[PDB]
Every structure is written in C-alpha cells, then in structure tokens.
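Peer 1: Sharing a structure below in structure tokens format, with a few things to ask.
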Amino acid sequence: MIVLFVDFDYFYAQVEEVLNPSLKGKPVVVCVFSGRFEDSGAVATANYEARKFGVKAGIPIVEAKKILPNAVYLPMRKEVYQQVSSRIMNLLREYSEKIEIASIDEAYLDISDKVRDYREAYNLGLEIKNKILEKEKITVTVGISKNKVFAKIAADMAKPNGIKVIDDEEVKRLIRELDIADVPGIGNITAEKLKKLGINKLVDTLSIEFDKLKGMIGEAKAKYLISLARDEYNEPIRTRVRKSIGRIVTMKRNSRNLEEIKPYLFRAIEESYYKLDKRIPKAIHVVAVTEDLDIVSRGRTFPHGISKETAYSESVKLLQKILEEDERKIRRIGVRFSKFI
DNA sequence: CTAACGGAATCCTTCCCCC
DNA sequence: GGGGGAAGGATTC
Ligand SMILES: Nc1ccn([C@H]2C[C@H](O)[C@@H](COP(=O)(O)OP(=O)(O)OP(=O)(O)O)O2)c(=O)n1
Ligand SMILES: [Ca+2]
Ligand SMILES: [Ca+2]
Ligand SMILES: [Ca+2]
C-alpha cells in the first residue's frame with residue numbers, strides 16, 4: 001500500500017495562534033485547569049517556543065510556570081480546536097475516499113489508487129500541506145510509507161512542519177536499527193519488559209520463541225510486533241466511529257459522602273448527554289478516580305435505550321456499588337456512555 | 001476556597017458464566 | 001475448548 005499520514009503541528013497551541021496572531025513567536029502554553037486550587041492542572045500542549053525549555057504535555061501548570069513565568073497560559077478551548085479540526089478533516093477527504101481519522105489531529109489516507117510511486121505521493125503531501133496552509137493556515141506534517149505504522153513513524157521523524165517518505169528499503173533497515181520504544185503502541189510498561197527479554201530492535205522479536213514473548217506482553221502485542229518485523233503488516237484504512245462519550249470532573253475535595261458526590265456526578269451526566277447529540281446509548285458506566293489516581297468503574301447495560309432520568313437514578317446505584325467495594329476516597333467522578341444504536 | 005498533578009478516548013487482558 | 005460480557009490496564013492524544 002501507500003499510506004499518507006497527517007499530523008497537525010502543536011494543534012491546540014497553533015489554533016490559538018491563528019485566532020490571535022500576536023501570540024506568534026511567543027511561548028504559548030495551553031493548560032487544563034482542574035479547579036481545586038489555582039494553577040492546579042496539567043499542560044495539554046505547548047508551542048515549540050515553550051517546548052524548547054521542557055514545557056510539554058503532561059507536566060503540571062505550577063511546574064511549567066517555574067520554567068517560563070512570562071509565558072502565555074491560555075485555557076483549553078477544546079470545542080474551538082474541534083471545529084478547526086473538523087474543517088481540516090473535510091479537506092483531506094478530497095484526496096482519498098478511504099480515510100481513517102485517528103484523533104483530533106491525526107488522519108490516515110489510503111492513496112494507493114491516487115498515485116503511482118512514492119515520488120508522486122510526496123508531491124501529493126506537498127499539495128495537501130499547501131492546501132491546509134492556504135484555507136486554514138495550519139502547518140502539518142506528512143508521513144508516507146507502505147502501512148499505517150511506518151507512515152506515523154515517518155511523520156514522527158520530520159515532525160516540525162515537514163514531510164518524510166520511508167521507502168521499502170529504509171523500512172528494512174528500520175526493522176534492524178529503529179529503537180523499539182519509538183514504535184507506535186509501545187509505552188514505558190511494555191518497552192521495559194522488552195528490554196528484560198533483550199529486545200531493543202524489531203528484528204529481535206524474530207529470534208525469541210513466540211510463547212516467551214506472548215507471556216510477557218500478550219498475544220496481540222506479540223503478533224503485532226512480529227508482523228512488523230517480518231515486513232508483513234498491512235492493516236487497511238478504516239472509518240472509525242465513536243464508541244463512547246464521557247465526562248469526568250474533579251471535585252473540590254476528596255470525599256466519600258454520597259450527597260456531596262451527587263452534584264458532580266449529575267453535572268457529568270448533563271454534560272455527557274449534551275455531548276451525545278442524538279445516538280441513544282444502551283450502557284452507562286460510573287467512573288471514579290481514587291485518592292491515588294487509580295481508576296474504578298462499575299457499569300450497567302440495558303436491553304433498551306437509556307433516558308436522562310434513567311441515567312440519573314441508575315448512576316446512583318452504580319456509584320454506591322463503588323463505595324461498597326472500595327475504601328479509597330474519590331478524587332474525580334464521571335460517567336461514560338457506550339453501546340449506541 | 002486555593003492543597004504535589006487534566007480530560008478523553010481506544011483496544012487488550014483477565015476472570016467467569018455458558019454452549 | 002471456545003464465545004461473549006464486566007472490570008482493570010496500557011497506550012496515546
Ligand atoms: N498528553 C496530551 C497530549 C496531547 N494532547 C492534545 C494536545 C495536542 O494539540 C493534541 C495532539 O498532541 P500531539 O501528541 O500530536 O502533540 P502536538 O500536536 O501538541 O505537537 P507535536 O505534534 O509537535 O508533538 O492532543 C493532550 O491533550 N494531552
Ligand atoms: Ca499526533
Ligand atoms: Ca500533532
Ligand atoms: Ca514511545
């Protein structure tokens with residue numbers, strides 16, 4: 001195949017720069033405020049001016065303000081970024097009917113029936129970049145290869161506003177030389193257990209027997225890495241459909257009293273049913289983050305659709321099921337609806 | 001009422017009822 | 001032995 005992958009460069013921060021061009025060239029930090037104390041939260045993303053000094057996603061806001069006290073700390077307007085994302089995704093549909101929208105800033109395009117060789121695909125990536133830069137003024141990164149994995153790897157390399165094509169020969173040397181921690185789907189928990197087995201490259205998974213690797217990362221993760229190592233990975237581009245919608249808020253204080261959690265729980269249901277917008281769900285899940293950021297969830301599925309009033313009375317029973325089966329105090333409480341019609 | 005941490009999705013793994 | 005569902009986990013954005 002020939003897969004064209006698009007990744008929006010610092011999406012949340014760049015959209016804020018488009019709406020306010022005076023922020024250009026200045027370190028911008030898009031923050032997610034929680035509401036406990038002031039400056040409590042994490043960094044959603046930051047532009048490359050702020051990311052030079054280590055201000056990247058995940059770090060707390062207070063820790064980022066000690067590195068860059070004079071930076072622009074804007075609240076996260078996710079809906080504004082979603083509207084911009086939606087308009088850009090419609091621009092990509094003109095180039096391929098087979099499109100796979102991964103996240104809010106990632107989209108896979110199967111251009112196997114639109115270009116001949118990789119050079120023509122490279123020219124198509126330039127045409128796509130110059131089109132998003134024209135209509136929406138957003139710089140993106142294009143990664144082109146033979147499957148979805150290496151297309152994302154090609155974009156991860158020439159990340160800041162670039163375009164990279166990994167031909168069939170560079171794929172061969174990457175199976176032998178690329179660090180396996182930089183493979184999509186390989187986080188710290190599994191990458192550490194691969195070094196325990198002595199696997200630092202993709203080709204290492206072909207020497208170790210299957211069950212030795214199967215018992216440490218699982219059957220799916222084992223067959224997935226071996227598929228990439230054998231140069232036999234070719235999962236097709238598929239249209240993704242949202243399978244769940246959730247909203248979870250942070251309470252003012254850690255509490256186990258039911259009547260104190262119900263306002264936050266009912267607040268999540270209102271904001272969750274608003275984000276539903278048609279689509280009647282058949283299951284409701286009450287999600288509670290414990291005192292030490294551990295996740296607990298008690299679900300419930302119905303043979304019919306769930307109404308707003310039903311989600312109200314049923315979430316209380318699911319919430320009580322959490323307090324009866326867990327002694328830790330709750331930090332965040334929320335609701336996730338799945339199994340649509 | 002301002003305290004060492006956000007919110008939101010996905011697929012996979014384990015455990016267990018069940019044919 | 002395997003299908004299929006609830007709850008936890010790892011991943012990534
Ligand atoms: N832990 C994270 C990581 C990312 N995001 C959001 C902010 C980003 O704008 C978007 C995509 O993040 P990327 O991982 O693609 O990183 P950026 O797009 O911010 O920059 P770059 O693509 O250069 O890494 O998702 C988030 O909320 N939380
Ligand atoms: Ca991305
Ligand atoms: Ca990006
Ligand atoms: Ca990684």
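In the structure tokens, each chain is lettered A, B, ... as it comes, each chain's residues begin at 1, and ligands are numbered from 1 in order of appearance.
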Residues of chain A near chain B: apply a cut-off of 6 Å, count only C-alpha atoms (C1' of nucleotides), and supply the list as a VMD selection string.

Peer 2: chain A and resid 32 37 to 38 41 to 42 60

Peer 1: Show me which residues are within 6 Å of ligand 3 counting only C-alpha atoms (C1' of nucleotides) and all ligand atoms, and format the list as a PyMOL selection string.

Peer 2: chain A and resi 7-11+105

Peer 1: Select residues of chain C: the criterion is any atom within 7 Å of an atom of chain A, counting only C-alpha atoms (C1' of nucleotides); output as number ranges by chain.

Peer 2: C: 7, 11, 13

Peer 1: Can you pull out every residue from range 27-138 of chain A that DSSP, working from the backbone, puts in strand (DSSP E), and format the result as number ranges by chain?

Peer 2: A: 28-33, 41-46, 72-75, 99-103, 106-110

Peer 1: Would you mind listing what lies within 12 Å of range 317-323 of chain A as a short mmCIF file (atom, residue, chain, number, x, y, z; two decimals) with C-alpha atoms (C1' of nucleotides), in the first residue's frame, with only C-alpha atoms (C1' of nucleotides) counted and same-chain residues fewer than 2 positions away left out?

Peer 2:
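Final file, selection-v8.cif:
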data_model
loop_
_atom_site.label_atom_id
_atom_site.label_comp_id
_atom_site.auth_asym_id
_atom_site.auth_seq_id
_atom_site.Cartn_x
_atom_site.Cartn_y
_atom_site.Cartn_z
CA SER A 255 -14.99 12.80 49.77
CA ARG A 256 -16.88 9.55 50.24
CA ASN A 257 -20.18 11.12 51.35
CA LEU A 258 -22.83 10.30 48.75
CA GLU A 259 -24.73 13.60 48.88
CA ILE A 261 -20.57 13.50 45.15
CA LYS A 262 -24.05 13.53 43.58
CA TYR A 264 -20.54 16.41 40.50
CA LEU A 265 -21.98 13.12 39.21
CA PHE A 266 -25.19 14.73 37.95
CA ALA A 283 -24.93 1.22 28.71
CA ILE A 284 -23.83 3.61 31.46
CA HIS A 285 -20.54 3.49 33.36
CA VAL A 286 -19.74 5.40 36.55
CA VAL A 287 -16.00 6.14 36.64
CA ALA A 288 -14.33 7.29 39.86
CA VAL A 289 -10.69 8.33 40.24
CA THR A 290 -9.43 7.32 43.67
CA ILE A 295 -9.44 4.16 38.22
CA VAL A 296 -12.54 2.28 39.40
CA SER A 297 -15.60 1.66 37.24
CA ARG A 298 -18.95 -0.09 37.71
CA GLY A 299 -21.09 -0.49 34.60
CA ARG A 300 -24.63 -1.47 33.66
CA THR A 301 -26.14 -2.38 30.28
CA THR A 310 -32.77 6.65 33.91
CA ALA A 311 -29.10 7.67 33.82
CA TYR A 312 -29.77 9.79 36.92
CA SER A 313 -31.28 7.05 39.09
CA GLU A 314 -29.03 4.27 37.78
CA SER A 315 -25.74 6.15 38.26
CA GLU A 325 -16.50 -2.41 47.07
CA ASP A 326 -13.70 0.15 47.59
CA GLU A 327 -12.46 2.06 50.63
CA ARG A 328 -10.29 4.71 48.95
CA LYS A 329 -11.57 8.28 48.82
CA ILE A 330 -12.61 9.69 45.45
CA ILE A 333 -16.18 11.28 39.36
CA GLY A 334 -17.70 10.90 35.91
CA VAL A 335 -19.92 8.96 33.52
"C1'" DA C 7 -13.69 -4.50 35.12
#

Peer 1: Residues of range 146-201 of chain A within 12 Å of range 227-246 of chain A: nearest atom pair and distance (Å, one decimal) for each, counting only C-alpha atoms, sorted by chain and number, as JSON lines?

Peer 2:
{"residue": "A:146", "atom": "CA", "partner": "A:234", "partner_atom": "CA", "distance": 7.9}
{"residue": "A:147", "atom": "CA", "partner": "A:234", "partner_atom": "CA", "distance": 5.7}
{"residue": "A:148", "atom": "CA", "partner": "A:235", "partner_atom": "CA", "distance": 7.4}
{"residue": "A:149", "atom": "CA", "partner": "A:233", "partner_atom": "CA", "distance": 8.4}
{"residue": "A:150", "atom": "CA", "partner": "A:228", "partner_atom": "CA", "distance": 9.4}
{"residue": "A:151", "atom": "CA", "partner": "A:234", "partner_atom": "CA", "distance": 11.7}
{"residue": "A:168", "atom": "CA", "partner": "A:231", "partner_atom": "CA", "distance": 9.4}
{"residue": "A:169", "atom": "CA", "partner": "A:231", "partner_atom": "CA", "distance": 10.8}
{"residue": "A:170", "atom": "CA", "partner": "A:231", "partner_atom": "CA", "distance": 11.6}
{"residue": "A:171", "atom": "CA", "partner": "A:231", "partner_atom": "CA", "distance": 8.1}
{"residue": "A:172", "atom": "CA", "partner": "A:231", "partner_atom": "CA", "distance": 7.7}
{"residue": "A:173", "atom": "CA", "partner": "A:229", "partner_atom": "CA", "distance": 10.7}
{"residue": "A:174", "atom": "CA", "partner": "A:229", "partner_atom": "CA", "distance": 9.4}
{"residue": "A:175", "atom": "CA", "partner": "A:229", "partner_atom": "CA", "distance": 5.8}
{"residue": "A:176", "atom": "CA", "partner": "A:229", "partner_atom": "CA", "distance": 8.5}
{"residue": "A:177", "atom": "CA", "partner": "A:229", "partner_atom": "CA", "distance": 11.3}
{"residue": "A:178", "atom": "CA", "partner": "A:229", "partner_atom": "CA", "distance": 11.0}
{"residue": "A:180", "atom": "CA", "partner": "A:229", "partner_atom": "CA", "distance": 10.6}
{"residue": "A:183", "atom": "CA", "partner": "A:228", "partner_atom": "CA", "distance": 9.9}
{"residue": "A:184", "atom": "CA", "partner": "A:228", "partner_atom": "CA", "distance": 11.1}
{"residue": "A:199", "atom": "CA", "partner": "A:229", "partner_atom": "CA", "distance": 11.9}
{"residue": "A:201", "atom": "CA", "partner": "A:229", "partner_atom": "CA", "distance": 9.0}

Peer 1: Please produce a file of the residues just selected, as a tab-separated table (two decimals), in the first residue's frame, where the atoms kept are C-alpha atoms.

Peer 2:
chain	number	residue	atom	x	y	z
A	146	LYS	CA	3.64	1.33	2.95
A	147	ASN	CA	1.41	0.96	6.04
A	148	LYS	CA	-0.13	2.96	8.87
A	149	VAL	CA	2.69	2.22	11.33
A	150	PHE	CA	5.65	3.49	9.31
A	151	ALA	CA	3.59	6.40	7.98
A	168	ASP	CA	10.57	-0.07	1.14
A	169	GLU	CA	14.35	-0.21	1.68
A	170	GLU	CA	14.52	2.15	4.66
A	171	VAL	CA	11.77	0.04	6.25
A	172	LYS	CA	14.17	-2.91	6.11
A	173	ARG	CA	16.94	-1.09	7.98
A	174	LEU	CA	14.43	0.30	10.49
A	175	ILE	CA	13.37	-3.24	11.44
A	176	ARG	CA	17.01	-3.80	12.41
A	177	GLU	CA	18.03	-0.37	13.74
A	178	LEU	CA	14.99	1.59	14.96
A	180	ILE	CA	11.51	-0.36	19.61
A	183	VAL	CA	7.20	2.14	17.75
A	184	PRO	CA	3.53	3.22	17.93
A	199	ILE	CA	14.59	-6.89	22.65
A	201	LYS	CA	15.06	-3.65	17.86

Peer 1: Which residues are close to residue 93 in chain A, i.e. within 12 Å by only C-alpha atoms (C1' of nucleotides), leaving aside same-chain residues fewer than 2 positions away? Reply as a list in words.

Peer 2: residues 86, 87, 88, 89, 90, 91, 95, 96, 97, 98, 99, 100, 101, 107, 108, 109, 110, 111, 128 and 239 of chain A

Peer 1: Quick one: pull the distance between CA of residue 303 in chain A and CA of residue 339 in chain A, Å, one decimal.

Peer 2: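 Straight-line distance from CA of residue 303 in chain A to CA of residue 339 in chain A works out to 10.4 Å.
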